[PDB]
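Here the structure is laid out as structure tokens; the discussion comes afterwards.
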Amino acid sequence: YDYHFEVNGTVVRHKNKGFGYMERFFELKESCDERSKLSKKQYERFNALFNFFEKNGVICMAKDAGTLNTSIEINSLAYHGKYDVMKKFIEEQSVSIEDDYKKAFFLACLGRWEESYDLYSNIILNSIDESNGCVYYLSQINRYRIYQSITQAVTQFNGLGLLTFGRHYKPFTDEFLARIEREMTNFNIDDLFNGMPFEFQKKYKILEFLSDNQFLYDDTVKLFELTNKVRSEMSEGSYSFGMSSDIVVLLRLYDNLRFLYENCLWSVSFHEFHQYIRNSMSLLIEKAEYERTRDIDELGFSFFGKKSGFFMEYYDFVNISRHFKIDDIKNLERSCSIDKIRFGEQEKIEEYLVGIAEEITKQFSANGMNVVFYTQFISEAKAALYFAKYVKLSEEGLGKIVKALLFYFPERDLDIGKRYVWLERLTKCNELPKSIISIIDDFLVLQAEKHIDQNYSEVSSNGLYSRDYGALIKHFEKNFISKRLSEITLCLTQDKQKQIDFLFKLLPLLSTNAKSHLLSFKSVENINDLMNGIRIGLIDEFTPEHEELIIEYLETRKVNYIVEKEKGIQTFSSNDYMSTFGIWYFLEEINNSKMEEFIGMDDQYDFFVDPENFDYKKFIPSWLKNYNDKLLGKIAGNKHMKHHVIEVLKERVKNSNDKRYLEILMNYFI
Amino acid sequence: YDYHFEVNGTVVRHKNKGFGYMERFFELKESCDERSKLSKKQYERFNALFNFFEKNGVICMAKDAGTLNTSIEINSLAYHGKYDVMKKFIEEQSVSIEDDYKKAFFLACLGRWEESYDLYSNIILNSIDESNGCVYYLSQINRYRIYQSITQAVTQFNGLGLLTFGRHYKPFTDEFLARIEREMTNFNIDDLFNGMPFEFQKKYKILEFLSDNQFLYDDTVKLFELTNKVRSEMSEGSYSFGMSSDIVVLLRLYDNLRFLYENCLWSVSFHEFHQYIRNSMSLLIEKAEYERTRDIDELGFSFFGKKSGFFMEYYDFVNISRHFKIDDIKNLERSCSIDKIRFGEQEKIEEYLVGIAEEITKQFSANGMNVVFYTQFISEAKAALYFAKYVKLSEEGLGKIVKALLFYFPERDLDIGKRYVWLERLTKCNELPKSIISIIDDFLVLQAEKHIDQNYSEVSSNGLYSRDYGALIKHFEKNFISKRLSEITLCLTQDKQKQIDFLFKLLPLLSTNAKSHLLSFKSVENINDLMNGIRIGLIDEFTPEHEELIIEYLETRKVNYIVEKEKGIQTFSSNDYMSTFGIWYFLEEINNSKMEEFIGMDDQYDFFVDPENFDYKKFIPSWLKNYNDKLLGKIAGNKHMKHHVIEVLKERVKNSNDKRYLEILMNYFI
Amino acid sequence: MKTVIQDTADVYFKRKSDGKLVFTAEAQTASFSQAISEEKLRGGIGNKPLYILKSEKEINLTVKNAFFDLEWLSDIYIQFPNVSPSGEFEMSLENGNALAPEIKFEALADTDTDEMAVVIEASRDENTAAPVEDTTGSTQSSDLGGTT
């Protein structure tokens, strides 16, 4: 504790009551003549201390120093995800025990947790001879960490791994699980550093934090202690320049990462290190949308500079892609504004996203992956493609990422309506050329080829289906024909039933000759087809047999209502069936007078169809979340609906925390 | 770690291998017949264990999971503010070494930090002949903490606010500040648990955390469950069930306060522990405000019929009163609306507030203050009287609080601008009864008697003076004339300066002789002696003789406007009262037809004398801040400006960040 | 009002086959941390215009203290097609003079990812998150108790 060394390399002293050695030391670095007073034996030791303080970034002199361009650079094949280069490193013939130490950490990142327990045990069994026991100690930690990963993956695989996989998946032999339980019994990870020799414990007191199971608490309390500074930054809070706040939170992350990955520590793959990266990067982004829309004035400019936007680079993309789940990014996209954060180093992100594409193509287009590697990898591959809305990709790069999103991603991690979401997100700054359209067109034909079976249904978690792929192509190319979905359309007969219903929902993609062969094979006969034939442009006004089927449907929905409420079975719709009918009656698209006879089963029906007799206390103000530009125009225009909503909407602005109500209250109702 | 002891009072099997010894014990609680078949020595041991787990709130196992709604009790005189019983426990000459341990805690709470250090030093010398050694460990901790409390106070009584505040020098002499330091060098706090025997390191291992400077890092990290509850509010539809992460935060706060006070630990005075209570309580008010305004729910009604809600009680009041500043309560009052949380237990909260009055009274009516105790009591006393907007009071108790606030409170921190705020806030739940008039009416006589000296003035940090007190008497008692303030008025000399205009700042409280005789001194001179009449005099009458001087003032300004127009720079005057004159024409006090013919003045004058033909392109948007509620109420009648002030708020509500503009439109203009 | 004190429940993971709906076994789980979360944004379809904006509903769930999860009472090699079934849910409530609202979820996938913890055993109490799937039919239903 004789010198504070900070995250930039600045050197301020405490408890050094004596001679200022590290205050003086850099003066030998400055003058070549003062260091010429050294002996020709101790000059070789200044030929070594110069290297160590340069590459560890304590080349910054002291407090009597200016600014520093504190870069970061991580030379580790495991951080960048270089999976093929890591495989070619293991197969090489070992020379050093510090090469066996680095093979052991690559075979764990690649999923081989049995081969990695074994090479950690071999190092420990022959690296006690060496005069420095950092390889003994750091392997003795990593092996217990590789024990814990095996021990609670077999707890997962026997439990929640059963009902998420459809198989059993035991990847460790029962002889292997029993050997590692009897070796690692009565091993105490908290007591290993006291088990070390005396000379080790004085020369390596900075490695004692790696065997305490709670080691970033000295960084997590600082992350909190710098969170409430942001929470107390409401009445024009200062220190938003971040030279004493943002750079502190960021350079303490980059030093922890460069410690754990350069020194090959397996503690990096656990939830406690994964959460430190989540808390630190969400704090930098929370101080980037908040503390961006602040009181912009000339008085805040003279207080402090550095009021530019936040900058993400290559290393910040990898850290969000690896350490976040999808929900943790989904918090930030509804909290902060990531379209407001510029991304730099676009061409290095398109070599991390493409290697993620080729670790999914070249590992699922074969007969399969490793399951232990699947558990580690697939969260990273999901979040990297999800957060690639924000980077721009080359045409040859977008083509390879899309063919792994649509074809080789496993269906259990990405169903048909989550593949659609991540395909629509890759267009928002990378609008689809013709070379990517012919990949969606080649995925619509593989979904056609699976409805040849009669009992098959596209399961979706959000109810976006294979239609939306069709409507996405037509949004970018208004005149398009799938010349191969036509060739299956013009070969249809009535025996295939599910074929006809699938290809009808993709009708504008078909050619004008090929439509009529399927137009002649499908008549509108249910309220699903009444609404499926609306969303493809087939129907533009209701020929009044169309108006009959809605009347026909509610007659069923009327008569069950009595014999369900005596039973109490209160139904819940799968989709906006009844609410859309009232929009059809409020916009006068249905003129039937029998429509009023069904007033009273659904409150969203009862708003539109009986716009006075509603008493408005059953209004749910999330109903204005999903109305168009058009409908809200007529909501203002209705002489009854114009003002009760205004009392409802004002208390949804006075009390809530969503900006969309603020947009609705001015743009449509003023 | 064989059992996992949850905070609700339950037990979960954690790492028990063999016979579950906590399963049998709770059976021995429930089955009284099984309790009989024991021996006659392990039966008296069972009464010891039953009285332990019932005072420590360990109810049962989790397998049956009885419905529990347990509450908190903190058996400590120091928590509740019983300063008088603590003093007559210090004077009571002790009998036991675990009773001197309680006094040196109670001395420390009283700011007698010299006699705390010494009495803890006797306990360290005198705990040799004691078996357990608990009072040895917890006295080394407490003396080190009381050493750290002194070494800060030497930097505040000689540091920032050292100037003239009374006992401006140190309270700790030179012989003591040297005697403590020579004893406290090389007391390694980290080497205190390790030095104790291995019997103390296993029979009392749970006190390991108190020997760390970084203590409560392990509870600041777990308070990162705050992210788990920002996550449920941000996901905005998350319906946590059972023991949600809110109730974990509250039951873990309570389990930390009850430990540190009932074990008489001095770390409960530090800033690390105060910030833990701030950050945990602020989160719970936030989840209360979010829940009371959640957007209903279309489908969650199967469980969401209602919620009981976070409500306040007495221990939740003492924690906000002791551990927050006024700056922290105002952050909660900006984000939440605490007038919607119900405050329970309002016969105990009155006894805590009557005590804070009786400690302010018995310390600044006598000349025996303790300058260490005043440093740490005054934040609690300020915060408790500030947070009593929300608790209904009895007219005896509301008297003893208001009397202690106006007369007996120290002037150095709570000036009359803040004494006004904190008596205005007590009128919310309690309509101002008859007696509190008399407590103010004594005070305005005393505030008159301090204005006889010519060099005195009322300094206000807000700007609010004793003028605003007098409205609040008339705001409640519409027919009340202070008799003695009339008796002050009948004895005046016209040679007074400060006494004259002071009674003009309370002229609407005087009698018809006292108003008239003070009106005899009231002599208007010019326009500069007229516009302060609405500021000071308040005649509330606009005679045509006064209106003739208004026309004469704009006429002489029009003669100067000829020079300003010929010079090319027609700048407004420094005493721009023309902008005020349109408002009085708008509120129909001036009914002259020459007010509209006085064009060429400031644009606010033309805005109200002619709202039709005003250049709204030449409108300045910042004018709306300075407009009172009578105007902002009355503009809505002026439809010839209603459609355009809505056009300049909307040109700023999306555009600026000043939320007053939103509050102008959302309270009025809609 | 009526004594509504009901907070926690007990949720029944039922059983379906790879192409069938067997319901015979069960894999039910205890209390639910229950971040039940309806982020519904489902949309009306307009007659003349069209839009491809974000308009869809979803239901996420999670649970806690799972049990009865072994055999329902080695080719280590994962493949991209999956034909895994979807266990139907029941949620049984209490605390009323009426019977439980008995909320049923019809088709449900299982979305949890594994995670390795430094301390031990990856949690004091595990969690299985569970989304709700739909193809051409209902996604939830409330069987209000009424009598008993």
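Please note that chains go A, B, ... in the order of the structure tokens, that every chain numbers its residues from 1, and that ligands are numbered from 1 in the order shown.
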Could you give me, as JSON lines, a per-residue list for chain C showing, wherever an atom lies at most 6 Å from an atom of chain B, the closest pair of atoms and their distance in Å to one decimal, using only C-alpha atoms and sorting by chain then residue number from low to high?
{"residue": "C:7", "atom": "CA", "partner": "B:242", "partner_atom": "CA", "distance": 5.5}
{"residue": "C:8", "atom": "CA", "partner": "B:242", "partner_atom": "CA", "distance": 5.1}
{"residue": "C:33", "atom": "CA", "partner": "B:241", "partner_atom": "CA", "distance": 5.9}
{"residue": "C:34", "atom": "CA", "partner": "B:240", "partner_atom": "CA", "distance": 5.5}
{"residue": "C:35", "atom": "CA", "partner": "B:240", "partner_atom": "CA", "distance": 5.1}
{"residue": "C:36", "atom": "CA", "partner": "B:239", "partner_atom": "CA", "distance": 5.5}
{"residue": "C:37", "atom": "CA", "partner": "B:238", "partner_atom": "CA", "distance": 4.6}
{"residue": "C:38", "atom": "CA", "partner": "B:237", "partner_atom": "CA", "distance": 5.6}
{"residue": "C:101", "atom": "CA", "partner": "B:302", "partner_atom": "CA", "distance": 5.8}
Could those selected residues go to a file with N, CA and C atoms, as an mmCIF file, in the first residue's frame?
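The result, stored in out-v5.cif:
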data_model
loop_
_atom_site.group_PDB
_atom_site.id
_atom_site.type_symbol
_atom_site.label_atom_id
_atom_site.label_comp_id
_atom_site.auth_asym_id
_atom_site.auth_seq_id
_atom_site.Cartn_x
_atom_site.Cartn_y
_atom_site.Cartn_z
ATOM 1 N N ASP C 7 -51.518 -15.423 -3.205
ATOM 2 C CA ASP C 7 -50.292 -14.976 -3.858
ATOM 3 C C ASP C 7 -49.583 -16.130 -4.566
ATOM 4 N N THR C 8 -49.316 -17.219 -3.845
ATOM 5 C CA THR C 8 -48.510 -18.302 -4.391
ATOM 6 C C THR C 8 -49.374 -19.518 -4.721
ATOM 7 N N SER C 33 -41.307 -18.516 -8.941
ATOM 8 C CA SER C 33 -40.788 -17.137 -8.786
ATOM 9 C C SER C 33 -41.831 -16.405 -9.606
ATOM 10 N N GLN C 34 -42.176 -17.010 -10.732
ATOM 11 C CA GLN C 34 -43.334 -16.546 -11.525
ATOM 12 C C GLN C 34 -43.188 -15.215 -12.240
ATOM 13 N N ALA C 35 -41.991 -14.870 -12.704
ATOM 14 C CA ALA C 35 -42.063 -13.726 -13.576
ATOM 15 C C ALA C 35 -42.993 -14.058 -14.743
ATOM 16 N N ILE C 36 -44.303 -14.202 -14.494
ATOM 17 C CA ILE C 36 -45.235 -14.199 -15.602
ATOM 18 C C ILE C 36 -45.218 -12.828 -16.221
ATOM 19 N N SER C 37 -45.066 -12.775 -17.527
ATOM 20 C CA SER C 37 -44.900 -11.507 -18.217
ATOM 21 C C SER C 37 -45.603 -11.555 -19.555
ATOM 22 N N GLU C 38 -46.698 -10.813 -19.662
ATOM 23 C CA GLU C 38 -47.401 -10.648 -20.926
ATOM 24 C C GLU C 38 -46.977 -9.336 -21.574
ATOM 25 N N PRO C 101 -58.982 -20.102 -9.872
ATOM 26 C CA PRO C 101 -59.149 -19.656 -11.261
ATOM 27 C C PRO C 101 -58.555 -20.606 -12.294
#
- Following superposition of chain B onto chain A on all C-alpha atoms, paired in order, what is the C-alpha RMSD to one decimal in Å?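 It is 3.9 Å.
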Can you check which parts of chain B lie within 10 Å of chain A? Per residue, the shortest pair of atoms and distance in Å to one decimal, counting only C-alpha atoms, sorted by chain and number, as CSV.
residue,atom,partner,partner_atom,distance
B:214,CA,A:218,CA,8.7
B:216,CA,A:221,CA,9.5
B:217,CA,A:221,CA,6.4
B:218,CA,A:217,CA,7.5
B:219,CA,A:221,CA,9.5
B:220,CA,A:221,CA,6.4
B:221,CA,A:221,CA,6.2
B:222,CA,A:221,CA,9.9
B:223,CA,A:224,CA,9.3
B:224,CA,A:224,CA,7.9
B:227,CA,A:279,CA,8.7
B:230,CA,A:331,CA,9.4
B:231,CA,A:331,CA,7.0
B:232,CA,A:331,CA,9.6
B:233,CA,A:657,CA,9.7
B:234,CA,A:331,CA,6.6
B:235,CA,A:331,CA,6.8
B:236,CA,A:657,CA,9.5
B:275,CA,A:225,CA,9.5
B:279,CA,A:228,CA,8.2
B:289,CA,A:655,CA,9.0
B:290,CA,A:656,CA,8.2
B:292,CA,A:655,CA,9.6
B:293,CA,A:655,CA,6.5
B:294,CA,A:656,CA,7.8
B:295,CA,A:621,CA,7.2
B:296,CA,A:620,CA,7.2
B:297,CA,A:620,CA,7.7
B:298,CA,A:620,CA,7.5
B:299,CA,A:572,CA,7.8
B:302,CA,A:570,CA,9.9
B:327,CA,A:232,CA,9.3
B:328,CA,A:232,CA,8.4
B:331,CA,A:232,CA,7.9
B:334,CA,A:234,CA,9.8
B:335,CA,A:655,CA,9.8
B:336,CA,A:655,CA,9.4
B:337,CA,A:655,CA,9.8
B:646,CA,A:670,CA,8.4
B:647,CA,A:670,CA,9.5
B:650,CA,A:666,CA,7.5
B:653,CA,A:662,CA,9.4
B:654,CA,A:662,CA,8.7
B:656,CA,A:295,CA,7.9
B:657,CA,A:295,CA,6.0
B:658,CA,A:295,CA,7.7
B:662,CA,A:654,CA,9.6
B:663,CA,A:654,CA,9.0
B:666,CA,A:650,CA,7.0
B:667,CA,A:650,CA,9.2
B:670,CA,A:670,CA,8.0
- Query: Hey, what does DSSP flag as alpha helix (DSSP H) within segment 234-363 of chain A? Can you give it to me as number ranges by chain?
  - Reply: A: 246-262, 271-289, 298-303, 314-323, 326-335, 346-349, 353-363
Selection export as a tab-separated table (two decimals), in the first residue's frame, atoms kept: C-alpha atoms:
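Dumped to selection.tsv:
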chain	number	residue	atom	x	y	z
A	246	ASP	CA	-16.87	6.28	-17.34
A	247	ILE	CA	-13.16	5.49	-18.02
A	248	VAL	CA	-12.93	4.13	-14.42
A	249	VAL	CA	-15.86	1.69	-14.98
A	250	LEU	CA	-14.52	0.76	-18.46
A	251	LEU	CA	-10.82	0.40	-17.73
A	252	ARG	CA	-11.51	-1.75	-14.71
A	253	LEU	CA	-13.45	-4.09	-16.98
A	254	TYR	CA	-10.73	-4.30	-19.57
A	255	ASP	CA	-8.11	-5.06	-16.94
A	256	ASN	CA	-10.19	-7.84	-15.45
A	257	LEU	CA	-10.79	-9.37	-18.87
A	258	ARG	CA	-7.17	-9.12	-19.86
A	259	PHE	CA	-6.17	-10.73	-16.57
A	260	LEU	CA	-8.56	-13.63	-16.90
A	261	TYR	CA	-8.04	-14.41	-20.57
A	262	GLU	CA	-4.32	-13.77	-20.98
A	271	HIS	CA	-22.16	-16.62	-13.86
A	272	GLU	CA	-20.41	-14.39	-11.37
A	273	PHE	CA	-18.01	-13.03	-13.97
A	274	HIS	CA	-20.84	-12.93	-16.48
A	275	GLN	CA	-22.85	-10.74	-14.17
A	276	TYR	CA	-20.02	-8.24	-13.56
A	277	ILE	CA	-19.85	-7.60	-17.28
A	278	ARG	CA	-23.61	-7.19	-17.42
A	279	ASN	CA	-23.69	-4.72	-14.56
A	280	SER	CA	-20.81	-2.65	-15.88
A	281	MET	CA	-21.93	-2.39	-19.47
A	282	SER	CA	-25.53	-1.73	-18.53
A	283	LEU	CA	-24.31	1.07	-16.30
A	284	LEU	CA	-22.35	2.70	-19.11
A	285	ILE	CA	-25.39	2.54	-21.36
A	286	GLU	CA	-27.71	3.79	-18.61
A	287	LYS	CA	-25.44	6.84	-18.38
A	288	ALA	CA	-25.72	7.16	-22.13
A	289	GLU	CA	-29.44	7.64	-22.73
A	298	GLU	CA	-23.89	27.02	-22.20
A	299	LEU	CA	-23.46	26.80	-18.41
A	300	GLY	CA	-22.85	23.05	-18.55
A	301	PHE	CA	-20.25	23.47	-21.29
A	302	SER	CA	-18.05	25.75	-19.17
A	303	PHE	CA	-18.26	23.39	-16.18
A	314	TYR	CA	-14.94	-4.22	-31.25
A	315	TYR	CA	-14.33	-5.23	-27.67
A	316	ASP	CA	-17.57	-3.76	-26.44
A	317	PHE	CA	-19.53	-5.76	-29.00
A	318	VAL	CA	-17.93	-9.02	-27.86
A	319	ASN	CA	-18.67	-8.30	-24.24
A	320	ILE	CA	-22.38	-7.72	-24.77
A	321	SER	CA	-22.59	-10.67	-27.14
A	322	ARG	CA	-21.01	-13.11	-24.75
A	323	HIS	CA	-22.12	-12.02	-21.33
A	326	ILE	CA	-31.42	-12.11	-24.76
A	327	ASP	CA	-33.64	-10.73	-22.02
A	328	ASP	CA	-30.80	-8.64	-20.63
A	329	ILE	CA	-30.42	-6.98	-24.03
A	330	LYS	CA	-34.19	-6.71	-24.27
A	331	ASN	CA	-34.12	-4.62	-21.11
A	332	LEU	CA	-31.65	-2.20	-22.64
A	333	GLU	CA	-33.51	-1.82	-25.91
A	334	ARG	CA	-36.61	-0.70	-24.06
A	335	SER	CA	-34.67	1.29	-21.49
A	346	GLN	CA	-17.53	-2.25	-38.30
A	347	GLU	CA	-15.14	-4.49	-40.20
A	348	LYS	CA	-13.91	-6.28	-37.10
A	349	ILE	CA	-17.44	-7.02	-35.97
A	353	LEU	CA	-20.24	-12.43	-36.63
A	354	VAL	CA	-19.03	-14.44	-39.58
A	355	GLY	CA	-16.99	-16.76	-37.41
A	356	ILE	CA	-20.15	-17.25	-35.37
A	357	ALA	CA	-21.93	-18.06	-38.61
A	358	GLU	CA	-19.28	-20.57	-39.64
A	359	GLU	CA	-19.22	-22.19	-36.20
A	360	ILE	CA	-22.92	-22.88	-36.76
A	361	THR	CA	-22.84	-23.84	-40.43
A	362	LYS	CA	-19.69	-25.97	-40.18
A	363	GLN	CA	-20.86	-27.67	-37.01
- Residue contacts of segment 38-55 of chain B (9 Å, only C-alpha atoms) excluding same-chain residues fewer than 4 positions away, as a list in words: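 Using only C-alpha atoms, the neighbours found are residues 29, 34 and 59 of chain B.
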- Message: Let me make sure I understand: among A:83, A:120, A:585, A:420, which one has the smallest atom-to-atom distance to residue 100 of chain A if we use only C-alpha atoms?
- Response: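 Comparing A:83, A:120, A:585, A:420 against residue 100 of chain A, the winner is A:120.
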- Task: Please provide as an MDAnalysis selection string all residues within 9 Å of residue 600 of chain B, with the sequence filter that same-chain residues fewer than 2 positions apart are discarded (counting only C-alpha atoms).
- Result: chainID B and resid 558 561 598 602:603 606
- Task: Please provide as a list in words all residues within 7 Å of residue 26 of chain C, with the sequence filter that same-chain residues fewer than 5 positions apart are discarded (counting only C-alpha atoms).
- Result: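 That gives residues 13, 14, 15 and 72 of chain C.
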Could you please take those selected residues and save N, CA, C and O atoms as a PDB file, in the first residue's frame?
ATOM      1  N   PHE C  13     -46.763 -29.116 -14.743  1.00  0.00           N
ATOM      2  CA  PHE C  13     -46.263 -29.353 -16.090  1.00  0.00           C
ATOM      3  C   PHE C  13     -46.781 -30.694 -16.565  1.00  0.00           C
ATOM      4  O   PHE C  13     -46.307 -31.740 -16.116  1.00  0.00           O
ATOM      5  N   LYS C  14     -47.750 -30.673 -17.473  1.00  0.00           N
ATOM      6  CA  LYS C  14     -48.307 -31.914 -17.985  1.00  0.00           C
ATOM      7  C   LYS C  14     -47.439 -32.419 -19.124  1.00  0.00           C
ATOM      8  O   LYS C  14     -46.319 -31.958 -19.349  1.00  0.00           O
ATOM      9  N   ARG C  15     -47.956 -33.384 -19.853  1.00  0.00           N
ATOM     10  CA  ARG C  15     -47.151 -34.232 -20.699  1.00  0.00           C
ATOM     11  C   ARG C  15     -47.815 -34.363 -22.051  1.00  0.00           C
ATOM     12  O   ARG C  15     -49.030 -34.479 -22.142  1.00  0.00           O
ATOM     13  N   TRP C  72     -39.953 -39.445 -15.695  1.00  0.00           N
ATOM     14  CA  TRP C  72     -41.382 -39.171 -15.610  1.00  0.00           C
ATOM     15  C   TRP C  72     -42.099 -40.303 -14.894  1.00  0.00           C
ATOM     16  O   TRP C  72     -43.183 -40.721 -15.311  1.00  0.00           O
TER      17      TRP C  72
END
- Query: If you count only C-alpha atoms, which residues fall within 12 Å of residue 143 of chain C, apart from same-chain ones fewer than 3 positions away, as a VMD selection string?
  - Reply: (chain A and resid 564 to 572) or (chain B and resid 302) or (chain C and resid 90 to 93 98 to 105 140 146 to 147)
